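Colleague: Here it is: the structure, laid out below.
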Amino acid sequence: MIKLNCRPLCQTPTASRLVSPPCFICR
Amino acid sequence: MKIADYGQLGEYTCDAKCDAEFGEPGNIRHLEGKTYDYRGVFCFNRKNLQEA
Amino acid sequence: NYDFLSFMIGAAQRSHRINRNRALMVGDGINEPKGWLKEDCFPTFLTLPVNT
Amino acid sequence: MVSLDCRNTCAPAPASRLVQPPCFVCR
Amino acid sequence: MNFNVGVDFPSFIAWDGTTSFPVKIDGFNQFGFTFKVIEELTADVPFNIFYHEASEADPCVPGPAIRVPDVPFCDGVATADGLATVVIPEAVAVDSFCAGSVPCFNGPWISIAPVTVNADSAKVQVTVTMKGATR
Amino acid sequence: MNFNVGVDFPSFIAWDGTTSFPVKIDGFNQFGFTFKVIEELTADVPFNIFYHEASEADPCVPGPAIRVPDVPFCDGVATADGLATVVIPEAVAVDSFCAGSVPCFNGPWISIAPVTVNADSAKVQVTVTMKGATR
Amino acid sequence: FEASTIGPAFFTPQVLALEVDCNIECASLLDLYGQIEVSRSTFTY
């Protein structure tokens, strides 16, 4: 059981969105 | 290092002219080695070892 | 990490020695020292044949 | 233009070129 | 500057995807494998690692395949049956590579091949890299 | 002692005898080819060296092939057309390998393919090795 | 003799002193809790 060492070739970490609080809807 | 091959540089040239010509290069290379180990074990009894 | 300039100096000197040694033995006098075996001035002996 | 470097062989001589010796001189 | 690494660290093909090629590790003193994917897998693919001895009828040709034995590490345990093996997990992306090597040399030739020849194994590529020579 | 050389000097296939593969060299700062012959050759086989660039549709996929230009050294003369080429001679034995590398980098992708695809080309294998990484 | 003809073994790179490190240790709540010290394995209250 040889333990492999892994790492990616690409350098594109997925562009994560940012979501902000909606406008003032109320209950 | 291991010297694979020397080159061929220069030649006998007439003294009347002012220039010279290129030779050809040699070849030098790189070598490595490693080491091995010898191993074993043996046992004794203290009383017999000390009273002998 | 190696002295390539010194290696080339040594190689050039070695080539000079090797060429000089071939000269003085076989070189012709036009551009190289004339060699004794090429000049051919030493008296010569001629081995006897055999009727096989 | 590229200059290739090549080893003589992976083994010094996979089939060693064992050769006969020079024949003996005449009687 | 570019150094022409192939002189000092030659690399050879081992598993192109449809065939296995013996690699002669005798002339060098270290080596290691390198795995790469070319298409997404569907299940873990295991690989077997062998070594070959010199052929009896001809010393310059490799002999039959022999499975590599396992050597327990300083602090661990042996495998289920004491034989070396490798598995490429599912999470490996196409833009990645995996590396690993055995602890002991054994025979002069080495080889590697998948346990199965299904469609998954054809999507992997394996090669062997050598460290400084000794001749 | 044996090492995990694949961690530092990974190897990637470039020409398996039927297909070429672009190899991404952007993450590393040196590289070099390695040629191996699996059968007796019938005639000289020349090779062409290309380089690619990141495509507009995807910044992680190579574009079309652009042929590498020549770079004369301080001694010798430029090629007839000023483009890099590699020639494997007739005398190469089946049990030997060759090595060579380009003087200049150019784009972040590289490739190699024979001038003509024939039975002689199928007897050759080409692999690329990398030096230390930058990331 | 030049690079791209001679092997990499003939060049020894410089060795820098800096050691990159990207890992972090998040702040702990430990100093908010009530602090007690016991010299024995059991305690009563």
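Simple scheme: letters A, B, ... for chains in structure tokens order, numbers from 1 for residues in each chain, numbers from 1 for ligands in the order shown.
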Fit chain F to chain E: least squares, all C-alpha atoms, paired in order; write the output as a short mmCIF file (atom, residue, chain, number, x, y, z; two decimals) with N, CA and C atoms, in the first residue's frame.

Modeller:
```cif
data_model
loop_
_atom_site.label_atom_id
_atom_site.label_comp_id
_atom_site.auth_asym_id
_atom_site.auth_seq_id
_atom_site.Cartn_x
_atom_site.Cartn_y
_atom_site.Cartn_z
N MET F 1 17.52 29.82 -17.48
CA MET F 1 18.17 28.93 -18.48
C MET F 1 17.57 27.53 -18.42
N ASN F 2 17.43 26.90 -19.58
CA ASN F 2 16.87 25.56 -19.67
C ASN F 2 17.99 24.53 -19.74
N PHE F 3 17.69 23.33 -19.24
CA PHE F 3 18.68 22.27 -19.11
C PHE F 3 18.25 21.06 -19.93
N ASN F 4 19.21 20.16 -20.15
CA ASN F 4 18.95 18.87 -20.79
C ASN F 4 18.71 17.83 -19.71
N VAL F 5 17.58 17.99 -19.01
CA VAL F 5 17.31 17.15 -17.85
C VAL F 5 17.24 15.68 -18.23
N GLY F 6 16.86 15.38 -19.47
CA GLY F 6 16.80 13.99 -19.90
C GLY F 6 18.13 13.27 -19.81
N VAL F 7 19.24 14.00 -19.78
CA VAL F 7 20.54 13.36 -19.67
C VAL F 7 20.69 12.68 -18.31
N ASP F 8 20.15 13.30 -17.26
CA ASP F 8 20.35 12.82 -15.89
C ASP F 8 19.14 12.10 -15.32
N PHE F 9 17.93 12.45 -15.76
CA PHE F 9 16.69 11.91 -15.21
C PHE F 9 15.81 11.41 -16.36
N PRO F 10 16.22 10.33 -17.02
CA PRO F 10 15.43 9.81 -18.14
C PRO F 10 14.08 9.28 -17.68
N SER F 11 13.14 9.27 -18.62
CA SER F 11 11.78 8.82 -18.35
C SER F 11 11.39 7.75 -19.36
N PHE F 12 10.71 6.71 -18.89
CA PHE F 12 10.29 5.60 -19.73
C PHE F 12 8.82 5.30 -19.48
N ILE F 13 8.08 5.03 -20.56
CA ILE F 13 6.68 4.66 -20.43
C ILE F 13 6.58 3.29 -19.77
N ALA F 14 5.51 3.10 -19.00
CA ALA F 14 5.28 1.83 -18.31
C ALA F 14 3.90 1.28 -18.61
N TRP F 15 2.91 2.17 -18.75
CA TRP F 15 1.54 1.76 -19.05
C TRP F 15 0.89 2.87 -19.86
N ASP F 16 0.72 2.64 -21.15
CA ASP F 16 0.15 3.63 -22.05
C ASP F 16 -1.37 3.54 -22.16
N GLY F 17 -2.00 2.68 -21.37
CA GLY F 17 -3.44 2.52 -21.38
C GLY F 17 -3.94 1.28 -22.08
N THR F 18 -3.09 0.60 -22.85
CA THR F 18 -3.49 -0.63 -23.52
C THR F 18 -2.45 -1.74 -23.35
N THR F 19 -1.22 -1.37 -23.00
CA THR F 19 -0.13 -2.33 -22.94
C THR F 19 0.85 -1.95 -21.84
N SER F 20 1.52 -2.94 -21.27
CA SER F 20 2.57 -2.70 -20.30
C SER F 20 3.94 -2.91 -20.93
N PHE F 21 4.95 -2.27 -20.33
CA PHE F 21 6.32 -2.38 -20.80
C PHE F 21 7.26 -2.61 -19.62
N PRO F 22 8.01 -3.71 -19.60
CA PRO F 22 9.05 -3.84 -18.58
C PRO F 22 10.08 -2.73 -18.72
N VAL F 23 10.55 -2.23 -17.58
CA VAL F 23 11.51 -1.14 -17.53
C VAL F 23 12.75 -1.62 -16.79
N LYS F 24 13.91 -1.44 -17.40
CA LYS F 24 15.17 -1.92 -16.82
C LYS F 24 15.71 -0.85 -15.88
N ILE F 25 15.78 -1.18 -14.59
CA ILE F 25 16.29 -0.25 -13.59
C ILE F 25 17.68 -0.62 -13.09
N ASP F 26 18.34 -1.60 -13.70
CA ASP F 26 19.60 -2.09 -13.16
C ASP F 26 20.68 -1.02 -13.17
N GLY F 27 20.73 -0.20 -14.21
CA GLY F 27 21.79 0.79 -14.32
C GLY F 27 21.66 1.98 -13.38
N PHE F 28 20.50 2.16 -12.76
CA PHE F 28 20.25 3.30 -11.89
C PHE F 28 20.03 2.80 -10.47
N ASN F 29 20.07 3.74 -9.52
CA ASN F 29 20.00 3.40 -8.10
C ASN F 29 18.80 4.01 -7.38
N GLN F 30 17.92 4.72 -8.08
CA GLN F 30 16.61 5.06 -7.54
C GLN F 30 15.63 5.19 -8.70
N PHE F 31 14.34 5.13 -8.36
CA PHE F 31 13.29 5.25 -9.37
C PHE F 31 11.96 5.49 -8.66
N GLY F 32 10.97 5.90 -9.44
CA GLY F 32 9.65 6.15 -8.90
C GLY F 32 8.64 6.30 -10.01
N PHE F 33 7.39 5.98 -9.68
CA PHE F 33 6.31 6.02 -10.65
C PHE F 33 5.66 7.39 -10.69
N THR F 34 4.79 7.58 -11.68
CA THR F 34 4.03 8.81 -11.82
C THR F 34 2.74 8.51 -12.57
N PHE F 35 1.60 8.81 -11.95
CA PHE F 35 0.29 8.49 -12.50
C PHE F 35 -0.39 9.76 -12.97
N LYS F 36 -1.04 9.69 -14.12
CA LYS F 36 -1.82 10.80 -14.66
C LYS F 36 -3.16 10.28 -15.15
N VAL F 37 -4.19 11.11 -15.02
CA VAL F 37 -5.55 10.77 -15.40
C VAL F 37 -5.97 11.68 -16.54
N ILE F 38 -6.51 11.09 -17.60
CA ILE F 38 -6.90 11.84 -18.79
C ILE F 38 -8.41 12.01 -18.92
N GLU F 39 -9.20 11.39 -18.04
CA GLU F 39 -10.65 11.49 -18.12
C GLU F 39 -11.22 11.26 -16.73
N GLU F 40 -12.49 11.63 -16.56
CA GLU F 40 -13.16 11.42 -15.29
C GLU F 40 -13.29 9.93 -15.00
N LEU F 41 -12.96 9.54 -13.78
CA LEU F 41 -13.02 8.14 -13.40
C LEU F 41 -14.44 7.76 -12.98
N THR F 42 -14.74 6.47 -13.11
CA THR F 42 -16.03 5.93 -12.70
C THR F 42 -15.95 5.09 -11.43
N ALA F 43 -14.79 4.52 -11.12
CA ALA F 43 -14.61 3.76 -9.90
C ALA F 43 -13.12 3.62 -9.64
N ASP F 44 -12.79 3.27 -8.40
CA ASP F 44 -11.39 3.08 -8.02
C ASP F 44 -10.74 2.03 -8.90
N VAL F 45 -9.50 2.29 -9.30
CA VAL F 45 -8.74 1.39 -10.15
C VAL F 45 -7.49 0.96 -9.38
N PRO F 46 -7.36 -0.31 -9.00
CA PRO F 46 -6.14 -0.77 -8.35
C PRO F 46 -5.10 -1.27 -9.35
N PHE F 47 -3.84 -1.17 -8.95
CA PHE F 47 -2.71 -1.54 -9.79
C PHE F 47 -1.84 -2.57 -9.08
N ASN F 48 -1.21 -3.42 -9.88
CA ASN F 48 -0.31 -4.45 -9.38
C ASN F 48 1.11 -4.15 -9.84
N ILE F 49 2.08 -4.40 -8.96
CA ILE F 49 3.49 -4.15 -9.23
C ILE F 49 4.21 -5.48 -9.29
N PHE F 50 4.93 -5.72 -10.39
CA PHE F 50 5.69 -6.94 -10.59
C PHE F 50 7.15 -6.61 -10.83
N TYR F 51 8.00 -7.63 -10.70
CA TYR F 51 9.40 -7.53 -11.06
C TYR F 51 9.82 -8.81 -11.77
N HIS F 52 10.78 -8.67 -12.68
CA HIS F 52 11.25 -9.78 -13.50
C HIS F 52 12.71 -10.07 -13.17
N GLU F 53 13.23 -11.13 -13.79
CA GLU F 53 14.63 -11.48 -13.69
C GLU F 53 15.17 -11.89 -15.05
N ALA F 54 16.48 -11.77 -15.22
CA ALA F 54 17.10 -12.08 -16.50
C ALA F 54 16.79 -13.51 -16.91
N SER F 55 16.41 -13.68 -18.17
CA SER F 55 16.05 -15.00 -18.67
C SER F 55 17.30 -15.85 -18.90
N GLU F 56 17.09 -17.16 -18.89
CA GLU F 56 18.20 -18.08 -19.15
C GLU F 56 18.58 -18.08 -20.62
N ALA F 57 17.60 -17.97 -21.52
CA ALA F 57 17.88 -17.99 -22.95
C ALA F 57 18.67 -16.76 -23.38
N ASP F 58 18.46 -15.62 -22.72
CA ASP F 58 19.16 -14.39 -23.06
C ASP F 58 19.38 -13.56 -21.80
N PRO F 59 20.63 -13.21 -21.46
CA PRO F 59 20.86 -12.47 -20.21
C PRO F 59 20.49 -11.00 -20.29
N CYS F 60 19.79 -10.59 -21.34
CA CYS F 60 19.32 -9.22 -21.50
C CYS F 60 17.87 -9.19 -21.94
N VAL F 61 17.07 -10.12 -21.44
CA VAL F 61 15.64 -10.16 -21.73
C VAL F 61 14.91 -10.58 -20.45
N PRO F 62 13.85 -9.89 -20.04
CA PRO F 62 13.19 -10.24 -18.78
C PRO F 62 12.49 -11.59 -18.87
N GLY F 63 12.39 -12.26 -17.72
CA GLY F 63 11.67 -13.50 -17.61
C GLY F 63 10.22 -13.26 -17.23
N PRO F 64 9.58 -14.25 -16.60
CA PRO F 64 8.19 -14.07 -16.18
C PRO F 64 8.08 -13.11 -15.00
N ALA F 65 6.86 -12.65 -14.77
CA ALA F 65 6.60 -11.64 -13.75
C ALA F 65 6.49 -12.28 -12.37
N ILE F 66 7.19 -11.71 -11.40
CA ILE F 66 7.11 -12.12 -10.00
C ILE F 66 6.59 -10.94 -9.20
N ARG F 67 5.55 -11.18 -8.41
CA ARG F 67 4.85 -10.11 -7.72
C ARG F 67 5.67 -9.59 -6.55
N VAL F 68 5.75 -8.27 -6.43
CA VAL F 68 6.63 -7.65 -5.43
C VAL F 68 6.08 -7.92 -4.03
N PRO F 69 6.93 -8.22 -3.05
CA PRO F 69 6.44 -8.41 -1.68
C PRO F 69 6.36 -7.11 -0.90
N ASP F 70 5.58 -7.14 0.17
CA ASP F 70 5.41 -5.97 1.02
C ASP F 70 6.59 -5.83 1.99
N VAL F 71 6.76 -4.62 2.51
CA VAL F 71 7.79 -4.33 3.51
C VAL F 71 7.22 -3.36 4.54
N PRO F 72 6.68 -3.85 5.65
CA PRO F 72 6.08 -2.93 6.63
C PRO F 72 7.10 -1.95 7.19
N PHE F 73 6.66 -0.72 7.42
CA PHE F 73 7.50 0.27 8.07
C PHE F 73 7.37 0.16 9.59
N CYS F 74 8.09 1.04 10.29
CA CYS F 74 8.08 1.03 11.74
C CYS F 74 6.72 1.35 12.33
N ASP F 75 5.83 1.98 11.57
CA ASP F 75 4.47 2.26 12.01
C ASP F 75 3.51 1.75 10.96
N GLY F 76 2.37 1.25 11.42
CA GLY F 76 1.43 0.58 10.54
C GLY F 76 1.62 -0.92 10.56
N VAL F 77 0.76 -1.61 9.81
CA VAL F 77 0.71 -3.06 9.80
C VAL F 77 0.83 -3.56 8.37
N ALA F 78 1.21 -4.83 8.25
CA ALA F 78 1.41 -5.43 6.94
C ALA F 78 0.08 -5.57 6.20
N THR F 79 0.17 -5.70 4.88
CA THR F 79 -1.02 -5.88 4.06
C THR F 79 -1.66 -7.24 4.34
N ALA F 80 -2.92 -7.37 3.91
CA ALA F 80 -3.65 -8.61 4.16
C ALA F 80 -2.92 -9.82 3.60
N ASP F 81 -2.30 -9.69 2.43
CA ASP F 81 -1.55 -10.78 1.82
C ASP F 81 -0.07 -10.49 1.68
N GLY F 82 0.41 -9.35 2.17
CA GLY F 82 1.82 -9.04 2.10
C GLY F 82 2.36 -8.79 0.71
N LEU F 83 1.56 -8.19 -0.17
CA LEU F 83 1.98 -7.88 -1.53
C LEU F 83 1.62 -6.44 -1.86
N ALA F 84 2.52 -5.77 -2.58
CA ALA F 84 2.35 -4.35 -2.86
C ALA F 84 1.19 -4.11 -3.81
N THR F 85 0.49 -2.99 -3.60
CA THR F 85 -0.61 -2.58 -4.45
C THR F 85 -0.70 -1.07 -4.45
N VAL F 86 -1.34 -0.53 -5.48
CA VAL F 86 -1.55 0.91 -5.63
C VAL F 86 -2.99 1.15 -6.04
N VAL F 87 -3.63 2.12 -5.40
CA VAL F 87 -5.04 2.44 -5.64
C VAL F 87 -5.14 3.92 -5.96
N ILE F 88 -5.72 4.24 -7.11
CA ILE F 88 -5.97 5.62 -7.52
C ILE F 88 -7.38 5.98 -7.07
N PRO F 89 -7.55 6.99 -6.22
CA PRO F 89 -8.88 7.26 -5.66
C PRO F 89 -9.84 7.87 -6.67
N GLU F 90 -11.11 7.92 -6.27
CA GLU F 90 -12.16 8.44 -7.14
C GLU F 90 -12.03 9.93 -7.38
N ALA F 91 -11.44 10.66 -6.44
CA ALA F 91 -11.49 12.12 -6.46
C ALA F 91 -10.41 12.75 -7.33
N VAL F 92 -9.56 11.96 -7.97
CA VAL F 92 -8.47 12.53 -8.77
C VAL F 92 -9.07 13.34 -9.91
N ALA F 93 -8.64 14.59 -10.04
CA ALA F 93 -9.09 15.43 -11.14
C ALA F 93 -8.28 15.14 -12.39
N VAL F 94 -8.85 15.52 -13.54
CA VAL F 94 -8.18 15.26 -14.81
C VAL F 94 -6.88 16.05 -14.92
N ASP F 95 -6.78 17.17 -14.21
CA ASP F 95 -5.64 18.07 -14.30
C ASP F 95 -4.66 17.91 -13.13
N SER F 96 -4.46 16.69 -12.64
CA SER F 96 -3.54 16.46 -11.53
C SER F 96 -2.81 15.15 -11.76
N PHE F 97 -1.76 14.94 -10.97
CA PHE F 97 -0.94 13.74 -11.08
C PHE F 97 -0.58 13.24 -9.69
N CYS F 98 -0.12 11.99 -9.63
CA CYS F 98 0.25 11.34 -8.38
C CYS F 98 1.66 10.80 -8.50
N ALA F 99 2.24 10.41 -7.36
CA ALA F 99 3.59 9.88 -7.33
C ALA F 99 3.74 8.89 -6.19
N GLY F 100 4.48 7.82 -6.44
CA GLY F 100 4.73 6.81 -5.42
C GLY F 100 5.81 5.86 -5.88
N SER F 101 6.48 5.25 -4.90
CA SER F 101 7.62 4.40 -5.19
C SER F 101 7.70 3.27 -4.18
N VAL F 102 8.40 2.20 -4.56
CA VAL F 102 8.53 1.00 -3.74
C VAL F 102 9.68 1.18 -2.77
N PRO F 103 9.63 0.61 -1.56
CA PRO F 103 10.76 0.77 -0.63
C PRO F 103 11.97 -0.09 -0.97
N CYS F 104 11.80 -1.19 -1.70
CA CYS F 104 12.87 -2.15 -1.92
C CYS F 104 13.04 -2.40 -3.41
N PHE F 105 14.24 -2.85 -3.78
CA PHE F 105 14.60 -3.02 -5.19
C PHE F 105 14.10 -4.35 -5.77
N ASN F 106 14.58 -5.46 -5.23
CA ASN F 106 14.32 -6.79 -5.81
C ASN F 106 15.04 -6.86 -7.16
N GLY F 107 14.49 -7.61 -8.11
CA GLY F 107 15.16 -7.88 -9.37
C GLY F 107 15.53 -6.64 -10.15
N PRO F 108 16.23 -6.83 -11.28
CA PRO F 108 16.67 -5.69 -12.09
C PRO F 108 15.63 -5.19 -13.08
N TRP F 109 14.46 -5.81 -13.16
CA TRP F 109 13.40 -5.39 -14.06
C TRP F 109 12.13 -5.17 -13.24
N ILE F 110 11.33 -4.19 -13.65
CA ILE F 110 10.08 -3.88 -12.97
C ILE F 110 8.99 -3.64 -14.00
N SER F 111 7.75 -3.76 -13.54
CA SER F 111 6.59 -3.57 -14.40
C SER F 111 5.39 -3.22 -13.54
N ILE F 112 4.35 -2.71 -14.18
CA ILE F 112 3.10 -2.35 -13.51
C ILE F 112 1.95 -2.58 -14.48
N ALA F 113 0.85 -3.13 -13.97
CA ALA F 113 -0.31 -3.44 -14.79
C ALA F 113 -1.55 -3.44 -13.91
N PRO F 114 -2.70 -3.05 -14.45
CA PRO F 114 -3.91 -3.01 -13.63
C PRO F 114 -4.41 -4.41 -13.30
N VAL F 115 -5.15 -4.49 -12.19
CA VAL F 115 -5.74 -5.76 -11.79
C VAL F 115 -6.73 -6.23 -12.84
N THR F 116 -7.57 -5.33 -13.33
CA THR F 116 -8.57 -5.64 -14.35
C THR F 116 -8.45 -4.65 -15.49
N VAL F 117 -8.54 -5.16 -16.72
CA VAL F 117 -8.48 -4.33 -17.91
C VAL F 117 -9.91 -3.98 -18.31
N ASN F 118 -10.30 -2.73 -18.08
CA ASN F 118 -11.65 -2.26 -18.38
C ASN F 118 -11.57 -0.83 -18.89
N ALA F 119 -12.73 -0.27 -19.23
CA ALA F 119 -12.78 1.10 -19.73
C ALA F 119 -12.21 2.10 -18.73
N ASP F 120 -12.31 1.82 -17.43
CA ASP F 120 -11.75 2.72 -16.44
C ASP F 120 -10.22 2.70 -16.47
N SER F 121 -9.63 1.55 -16.78
CA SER F 121 -8.18 1.46 -16.81
C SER F 121 -7.59 2.24 -17.98
N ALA F 122 -8.34 2.38 -19.07
CA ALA F 122 -7.83 3.09 -20.24
C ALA F 122 -7.69 4.59 -20.01
N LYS F 123 -8.21 5.11 -18.90
CA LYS F 123 -8.15 6.54 -18.61
C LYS F 123 -6.94 6.93 -17.79
N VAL F 124 -5.97 6.03 -17.60
CA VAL F 124 -4.82 6.29 -16.75
C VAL F 124 -3.55 6.09 -17.56
N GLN F 125 -2.49 6.79 -17.14
CA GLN F 125 -1.17 6.66 -17.73
C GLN F 125 -0.15 6.60 -16.60
N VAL F 126 0.87 5.75 -16.76
CA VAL F 126 1.89 5.56 -15.75
C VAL F 126 3.26 5.69 -16.41
N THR F 127 4.18 6.37 -15.73
CA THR F 127 5.52 6.59 -16.24
C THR F 127 6.51 6.43 -15.09
N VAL F 128 7.74 6.08 -15.44
CA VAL F 128 8.80 5.82 -14.47
C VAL F 128 9.95 6.77 -14.73
N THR F 129 10.54 7.29 -13.66
CA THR F 129 11.67 8.20 -13.73
C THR F 129 12.86 7.60 -12.99
N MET F 130 14.06 8.00 -13.38
CA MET F 130 15.29 7.45 -12.83
C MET F 130 16.11 8.54 -12.16
N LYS F 131 16.90 8.13 -11.17
CA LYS F 131 17.85 9.02 -10.51
C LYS F 131 19.21 8.86 -11.17
N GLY F 132 20.27 9.40 -10.56
CA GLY F 132 21.58 9.32 -11.16
C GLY F 132 21.96 7.90 -11.54
N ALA F 133 22.78 7.79 -12.58
CA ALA F 133 23.20 6.50 -13.11
C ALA F 133 24.49 6.03 -12.45
N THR F 134 24.77 4.74 -12.59
CA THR F 134 25.93 4.12 -11.98
C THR F 134 27.00 3.72 -12.98
N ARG F 135 26.70 3.76 -14.28
CA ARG F 135 27.66 3.38 -15.30
C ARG F 135 28.06 4.57 -16.16
#
```

Colleague: Write out as JSON, numbers by chain which residues come within 10 Å of segment 12-19 of chain C when counting only C-alpha atoms, dropping same-chain ones fewer than 2 positions away.

Modeller: {"B": [6, 7, 8, 9, 10, 11, 12, 23], "C": [6, 7, 8, 9, 10, 21, 22, 23, 24, 27, 32]}

Colleague: Considering only C-alpha atoms, extract the chain G residues located within 8 Å of chain F and return them as a PyMOL selection string.

Modeller: chain G and resi 3-5

Colleague: Take the residues from that selection and put them in a file with C-alpha atoms, as an mmCIF file, in the first residue's frame.

Modeller:
```cif
data_model
loop_
_atom_site.group_PDB
_atom_site.id
_atom_site.type_symbol
_atom_site.label_atom_id
_atom_site.label_comp_id
_atom_site.auth_asym_id
_atom_site.auth_seq_id
_atom_site.Cartn_x
_atom_site.Cartn_y
_atom_site.Cartn_z
ATOM 1 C CA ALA G 3 22.818 24.664 -20.613
ATOM 2 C CA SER G 4 20.339 22.701 -22.743
ATOM 3 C CA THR G 5 23.367 20.533 -23.592
#
```

Colleague: Could you state the separation of atom CA of residue 10 of chain G and atom CA of residue 2 of chain B in Å, given to one decimal place?

Modeller: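 Straight-line distance from atom CA of residue 10 of chain G to atom CA of residue 2 of chain B works out to 12.5 Å.
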
Colleague: Work out how far apart atom CA of residue 12 of chain G and atom CA of residue 2 of chain C are and give it in Å to one decimal.

Modeller: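 Taking atom CA of residue 12 of chain G as the start and atom CA of residue 2 of chain C as the end point, the length is 10.4 Å.
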
Colleague: For the atom pair atom CA of residue 13 of chain D and atom CA of residue 34 of chain B, what is the interatomic distance in Å to one decimal place?

Modeller: 23.0 Å

Colleague: Which of chain A end up as strand (DSSP E) when DSSP is run on this backbone - answer as a PyMOL selection string?

Modeller: chain A and resi 5-8
